[PDB]
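# Close look at the chain arrangement
As a plain string of letters, each chain reads:
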Protein chains: 2
Amino acid sequence: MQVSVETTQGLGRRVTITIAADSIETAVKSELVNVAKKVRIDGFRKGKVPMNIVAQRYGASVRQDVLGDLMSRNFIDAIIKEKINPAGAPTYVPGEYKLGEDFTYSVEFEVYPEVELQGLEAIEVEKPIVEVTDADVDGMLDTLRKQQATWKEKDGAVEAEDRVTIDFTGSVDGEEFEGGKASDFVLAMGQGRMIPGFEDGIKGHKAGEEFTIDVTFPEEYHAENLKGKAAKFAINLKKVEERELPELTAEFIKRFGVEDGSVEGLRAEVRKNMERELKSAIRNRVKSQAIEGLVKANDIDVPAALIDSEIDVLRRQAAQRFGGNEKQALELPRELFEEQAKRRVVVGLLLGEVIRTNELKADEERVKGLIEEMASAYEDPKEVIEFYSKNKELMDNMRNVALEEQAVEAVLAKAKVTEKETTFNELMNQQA
Amino acid sequence: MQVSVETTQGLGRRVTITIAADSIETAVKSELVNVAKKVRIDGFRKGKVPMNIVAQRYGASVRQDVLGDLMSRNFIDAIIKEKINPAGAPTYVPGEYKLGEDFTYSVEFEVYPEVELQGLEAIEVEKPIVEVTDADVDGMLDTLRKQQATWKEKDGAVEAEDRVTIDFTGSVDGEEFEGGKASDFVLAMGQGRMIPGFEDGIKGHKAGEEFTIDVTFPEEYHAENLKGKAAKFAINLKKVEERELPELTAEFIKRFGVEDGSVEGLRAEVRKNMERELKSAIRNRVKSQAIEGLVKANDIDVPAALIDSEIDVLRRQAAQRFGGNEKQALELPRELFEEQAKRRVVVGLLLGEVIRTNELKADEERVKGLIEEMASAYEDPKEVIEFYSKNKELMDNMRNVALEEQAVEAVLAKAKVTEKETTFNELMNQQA
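All of the points below concern the structure found in this document.

Quick notes on the rules
- Residues numbered from 1 in each chain as written, not as in the entry; some residues may be left out.
- Chains lettered and ligands numbered in written order.
- Heavy atoms only, no water.
- Helix = DSSP H or I, 4+ residues; strand = E, 2+ residues; numbered from the N terminus.
- Rg over C-alpha atoms; globule rule 2.2 N^0.38 Å.
- Buried < 20%, exposed > 50% of the residue type's maximum accessible area, 1.4 Å probe, protein only.
- Contact = heavy atoms within 4.5 Å.
- Areas by Shrake-Rupley, 256 points an atom, 1.4 Å probe, with all protein chains shown as cover.
- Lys, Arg positive; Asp, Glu negative; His and termini not counted.
- Charge placed at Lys NZ, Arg CZ, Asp CG, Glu CD.
- 1 Å grid on protein atoms, 1.4 Å probe; cavity = no way out; pocket = protein on both sides within 12 Å on 5 of 7 lines; lining within 4 Å.
- Points joined across faces, edges and corners; volume = space filled by probe spheres on them.
- Nonpolar A, V, L, I, M, F, W, Y, C, P; charged D, E, K, R; others polar.
- Polar contact = N/O pair within 3.5 Å; in protein donor to acceptor, adjacent residues only side chain to side chain.
- Patch = residues over 30% accessible without salt bridge, like charges linked within 9 Å, V, L, I, M, F, W, Y side chains within 5 Å.
- Salt bridge = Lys/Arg side-chain N within 4 Å of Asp/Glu carboxyl O.
- Expected span 1.5 Å × (residues − 1).
- Pairing = 2+ DSSP bridges.
- Axes fitted to C-alpha atoms, helices over the stretch in contact; angles between N-to-C directions.
- Least-squares fit on C-alpha atoms.
- Buried area = accessible area lost by both parts, 1.4 Å probe.
- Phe/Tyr/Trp six-rings, centres within 6.5 Å; stacked < 30°, edge-to-face > 60°.
- Parallel < 35°, antiparallel > 145°, perpendicular 65-115°, else oblique.
- Left-handed = near helix turned anticlockwise from the far one by under 90°.

## Observations regarding the overall build of chain A
Of the regular secondary structure elements, chain A holds twelve helices and 13 strands. Relative to the compact-globule value of 22 Å for 432 residues, chain A shows a C-alpha radius of gyration of 32 Å, a clear excess of over 25%. In chain A, buried positions account for 26% of the 432 residues. Taking the intrachain contacts of chain A between residues at least 6 apart in sequence as the baseline, contacts between residues at least 24 apart amount to 64%. If you sum the accessible surface of chain A, you get close to 29,400 Å²; carbon and sulfur atoms cover 52% of it. Between the mean site of the 61 positive side-chain charges and the mean site of the 84 negative ones, chain A shows a separation of 6 Å.

Right, dumping it as structure tokens:
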């Protein structure tokens with residue numbers, strides 16, 4: 001058999017294969033019965049009319065539709081072998097059909113490039129060795145202690161950790177923005193829930209005076225309408241409640257996911273949480289050094305399509321952390337996310353090539369171990385472990401996490417990693 | 001942890017679970033980071049703002065969106081364990097949201113019932129034993145011989161197997177219908193491509209005379225607009241070619257998927273095709289006896305939804321064999337397909353319950369054997385076999401074919417099957 005596929009323009013495709021009647025006769029019989037089996041209609045055939053006879057009767061009428069069916073089957077077959085997973089449903093975009101002339105349709109799909117690994121040996125990574133002191137523990141403990149407190153109504157002055165009701169309106173330089181609209185909003189002070197200085201500036205004000213305070217948001221603020229802006233908050237005030245020491249009688253203080261009062265338990269829980277992120281933090285710097293070393297020294301021309309797709313994901317996610325508005329995130333500025341999107345694609349391409357070139361395997365043992373530690377954080381690890389193994393997406397999505405660890409270890413094994421003993425204060429010097 | 005899900009009306013569901021702040025505090029942290037991992041944004045977290053703090057800030061704004069996300073994740077999890085495969089994309093149908101009040105959405109999904117197997121031992125099946133004679137072979141051979149012939153232009157009388165060009169219009173009783181429209185249509189006579197009598201009635205007419213002949217379509221004709229109708233065909237005529245004996249020199253006669261001229265090969269190919277469908281024919285009667293015995297004796301109440309879905313599939317398929325028109329098949333009459341759809345659902349339920357109750361396994365050996373014989377009908381069975389094993393849907397879809405065979409054997413093993421030697425003529429008596 002002979003196969004021919006043409007291209008009209010860009011992503012446009014054309015099928016229409018011209019062959020001898022004998023070949024057509026044979027192919028149509030086989031294909032039509034195969035389609036009939038899919039929907040189970042062949043079993044309803046008593047065989048009074050041969051399939052070929054009806055094929056050369058109604059085949060002309062469904063001739064256009066057959067091309068569409070072929071399009072449907074060929075597309076799915078092709079994406080399976082090229083391993084492309086479309087989001088929802090693909091778009092084929094059919095045009096006007098002329099009888100006796102050509103036909104144009106454009107199937108939208110993305111493509112992938114290839115990369116070469118160079119300068120791997122030239123990667124020098126410094127591993128700063130630091131430890132967590134008991135003083136660090138004290139700071140964390142104190143923060144946790146100030147988080148909880150029992151509310152008590154009073155009238156007079158305002159503390160730094162009181163509970164207040166603030167009706168405020170967000171005005172930038174002289175105009176209200178989309179957010180910053182409050183009504184009987186209750187805010188817990190002393191928890192660092194607002195901008196540093198915001199809950200400080202309102203301290204000492206009576207629950208009935210309008211002051212208007214200048215608050216400046218950092219240039220690197222996630223909200224574009226607030227980043228690098230110095231807004232003024234009127235702050236009306238009306239209700240203030242004192243937060244007194246929480247009842248250590250397990251009455252009110254039982255609002256924790258950890259056991260109450262247990263001094264050893266509290267320190268133990270802090271210790272495990274601190275070291276867990278310490279492990280992650282050191283690896284993040286190691287990972288960052290490796291990533292920057294590759295990107296800065298070796299860049300590659302990346303297709304715009306892949307970057308464009310990354311932007312949408314970023315926009316949807318950004319809107320969520322700005323407030324939450326599905327689909328409206330589409331309206332968010334492209335330039336803000338396009339920069340970071342480029343990095344995501346480059347890193348992915350770099351990792352993907354390492355995996356392919358070194359033919360890395362998805363290690364089940366590695367995945368299982370990670371799951372067990374993570375699942376151990378819950379009361380019943382048994383259902384949690386099974387839950388992850390229950391859903392295929394979770395299994396595969398989590399693989400990329402474990403696989404990434406393998407990729408890092410592979411590079412580090414051949415890279416120059418030097419361990420240097422440093423004081424905690426020394427690593428704290430991150431001024432630029 | 002406590003879970004809750006309420007129902008508004010019908011398929012309408014309500015989430016909104018009210019729990020203590022401590023539980024919320026813990027649950028939100030775990031869930032949000034899990035979502036962030038899915039899109040790979042957690043690796044961008046340097047940890048300046050605790051997740052809980054932002055959660056009790058923007059959580060209110062995205063509160064509605066969270067419910068939608070929960071809806072999305074819960075639905076997919078639920079269908080996995082209940083094993084329901086949605087066609088494309090599900091519909092959740094959201095309504096108006098009132099702040100401070102309730103919310104209504106309705107998720108459209110189908111359900112399945114269960115059946116009891118009774119009266120299986122009461123099924124008596126007669127197996128008529130017949131054979132194919134050489135006379136049957138001769139008839140088939142002659143039919144095949146008349147199919148092919150070489151066209152030769154002439155002027156005069158018309159044979160029974162000539163090649164003609166007929167411009168006609170389809171008028172029922174006094175109105176043209178949707179089809180029956182021809183222009184320069186070339187029809188090959190003697191191949192039984194038209195209604196018995198249609199190509200017989202035009203025999204003897206000159207290539208330039210309008211006669212108008214009454215043609216009656218059978219009551220059980222697939223085309224509703226023609227079934228039980230006696231239409232009149234004008235028949236204009238203009239071009240007639242004689243079909244002379246095909247060149248047995250392998251020139252013209254090479255338009256077959258079988259070797260040319262080979263007498264033994266021709267008979268061998270006929271023999272294999274005839275017995276293959278003979279096997280199917282006897283089993284179909286056996287299957288029909290068992291199916292009718294169950295349906296006629298034991299009826300079950302079937303939900304309208306399942307039947308409704310079956311109707312659409314039938315409509316789409318019916319339109320294809322009537323001509324071909326995707327989506328327009330929706331406009332086809334329901335009653336025509338609803339009757340047969342009921343049978344499909346009942347048979348499926350009966351088979352499904354047999355499979356579940358008798359805990360039947362999908363036998364790979366059975367599947368492999370069927371594939372090998374089927375693939376043996378192609379030049380290279382190797383790629384064909386791998387192709388079936390390549391696509392999961394083909395593998396699964398084909399399993400049902402093999403599994404049905406197993407189900408039939410299981411029933412027959414305990415049913416009263418009697419073999420009776422019969423003459424071919426005897427079985428031919430199917431006059432009602």
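## What about empty space enclosed by the protein?
The final tally for this structure, using the stated rule, is four cavities of 30 Å³ or more. The computed volume of the largest cavity comes to approximately 170 Å³. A290, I291, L294, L351 and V411 of chain A are, among the 17 residues lining the largest cavity, the residues nearest its centre. For the lining of the largest cavity, the secondary structure elements donating two or more residues are α6 (263–297), α8 (334–357) and α11 (392–414) of chain A. Its residues assigned to classes, the lining of the largest cavity comprises 15 nonpolar, no polar and two charged. When its volume is computed, the second largest cavity comes out at roughly 150 Å³. Along its surface, the second largest cavity is lined by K287, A290, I291, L294, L350, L351, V354, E404, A407, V408, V411 and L412 of chain B. Where the lining of the second largest cavity is concerned, the elements lending two or more residues are α6 (263–297), α8 (334–357) and α11 (392–414) of chain B. Sorting elements by how many residues they give to the lining of the second largest cavity places α11 of chain B first, with five residues.

## Quick look at the environment of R343 of chain B
All names here are of chain B. As for its placement among the helices and strands, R343 is situated in helix α8. By relative accessible area, which is 32% here, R343 ends up partly exposed. Here the alpha-carbon distance between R343 and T8, two residues 335 residues apart in the chain, equals 34 Å. Side chain to side chain, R343 and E292 meet in a polar contact 2.6 Å long.

## Topic: a nonpolar patch on the surface
Residues and elements named next belong to chain A. On the surface, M140, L144, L266 and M274 cluster together to form a nonpolar patch covering roughly 280 Å² of accessible area. Residue assignment for the nonpolar patch shows that the elements contributing at least two residues are α4 (134–147) and α6. Position of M274 among the secondary structure elements: in helix α6. A residue is classified by how much of its surface remains accessible, and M274, at 30% relative accessible area, is partly exposed.

## Topic: helix α1 (residues 21–38) of chain B
With 18 residues, α1 of chain B should reach 26 Å at 1.5 Å per residue; the first-to-last C-alpha distance of 26 Å fits that figure. A positive backbone phi angle near 60° is found at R40 of chain B, which sits one or two residues after α1 of chain B.

## Re unusual backbone geometry
Across the chain, the bulk of peptide bonds are trans and the bulk of non-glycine residues have phi less than zero. All names here are of chain B. Phi is positive for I235, which is not a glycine, with a value near 60°. When its relative accessible area of 4% is taken as the criterion, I235 is described as buried. The phi dihedral of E359 is positive, around 35°, even though this residue is not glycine. Summarising the element assignment, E359 is placed in the loop between α8 and α9 (364–375). A relative accessible area of 69% means that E359 is categorised as exposed.

## Comments concerning the sheet that holds strand β5 (residues 150–153) of chain A
All names here are of chain A. As summarised here, the arrangement of the four strands in space is β5-β12-β6-β9, forming an open sheet in which the pairing is antiparallel. Lying at the two open borders of the sheet, with one neighbouring strand each, are β5 and β9 (185–188). Each neighbouring strand pair of the sheet contributes to a mean axis angle of 35°, computed without reference to strand direction.

## Here we look at the sheet that holds strand β3 (residues 105–106) of chain A
Within a beta sheet, neighbouring strands are joined by backbone hydrogen bonds and run either parallel or antiparallel to one another. All names here are of chain A. Pairing is antiparallel in the open sheet, where three strands are placed in the order β1-β2-β3. Taken across any chain shown, the strands that pair with only one partner, and hence form the sheet edges, are β1 (6–7) and β3. For β1 and strand β2 (residues 12–14), the ladder comprises two bridges, and the chain directions are antiparallel. For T7, the partnering residue across the bridge sits in β2 and is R13.

## Side note on the side chain of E199 of chain A
Residues and elements named next belong to chain A. Mapped onto the secondary structure, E199 falls in helix α5 (residues 198–201). Salt bridges are absent for the buried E199, whose nearest opposite-charge side chain, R193, sits at 7.3 Å. Looking at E199, its side chain comes within polar contact range of the main-chain nitrogen of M194, at 3.3 Å.

## Some thoughts on the relation of the copies chain B and chain A
By a simple turn and slide, chain B fits onto chain A: the slide is 0.1 Å along the axis, the RMSD is 0.1 Å, and the turn is 180°. Here the transformation between the copies is reduced to the relation of a two-fold axis. Among all residues of chain B, the minimum C-alpha distance to the rotation axis is found for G88 of chain B, at 3.9 Å. Looking at the interface residues of chain B, 98% of them are also at the interface in chain A, so both copies use one shared face.

## A few points about the interface of chain B and chain A
Counting residues at the interface gives 48 residues for chain B and 48 residues for chain A. For the chain B face of the interface with chain A, the top three residues by lost area are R40, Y58 and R193 of chain B, together amounting to 15%. Inspection of the region where chain B meets chain A yields two salt bridges. Among the ionic pairs, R255 of chain A bridges to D22 of chain B, the shortest N-O distance being 2.9 Å. Inspection of the region where chain B meets chain A yields 20 residue pairs in polar contact. Looking at which element gives the most residues to the side of chain B that touches chain A, the answer is helix α7 (residues 304–322) of chain B, with six residues. Classifying every residue of the side of chain B that touches chain A gives 19 nonpolar, 16 polar and 13 charged.

## As for the packing of aromatic side chains
In the structure shown here, the tally under the stated rule is 20 aromatic pairs over all chains. Ring plane angle 35° and centroid distance 6.3 Å describe the contact between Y58 of chain A and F322 of chain B, whose orientation is recorded as tilted. One end of the pair, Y58 of chain A, is in helix α2 (residues 51–58); the other, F322 of chain B, is in helix α7, on a second chain. The class for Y58 of chain A is buried, based on a relative accessible area of 15%. An aromatic cluster of at least three residues, connected via ring pairs, comprises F168, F185, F198, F217, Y221 and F233 of chain A.

## Side note on the packing of helix α9 (residues 364–375) of chain A against helix α10 (residues 381–390) of chain A
Residue and element names in this part refer to chain A. Running from amino to carboxyl end, α9 crosses α10 at an angle of 140°, the nearest separation of the two axes being 9 Å. Taken together, the axis directions place α9 and α10 in an arrangement best described as oblique. For the crossing formed where α9 meets α10, the hand is right-handed. Taken together, the residues of α10 that come into contact with α9 (itself represented by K368, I371, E372, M374 and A375) are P381, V384, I385, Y388 and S389. Looking at side-chain class alone, the contact of α9 with α10 contains seven nonpolar, one polar and two charged residues.

## Comments concerning the packing of α6 of chain A against α11 of chain A
All names here are of chain A. One can describe the packing of α6 onto α11 by two numbers: an axis separation of 11 Å at closest approach and a directional angle of 65°. In terms of crossing hand, the pair formed by α6 and α11 is left-handed. For the pair α6 and α11, the contacting residues are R283, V286 and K287 in the first and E404, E405, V408, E409 and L412 in the second. For the contact of α6 with α11, the class distribution of residues is three nonpolar, no polar and five charged.

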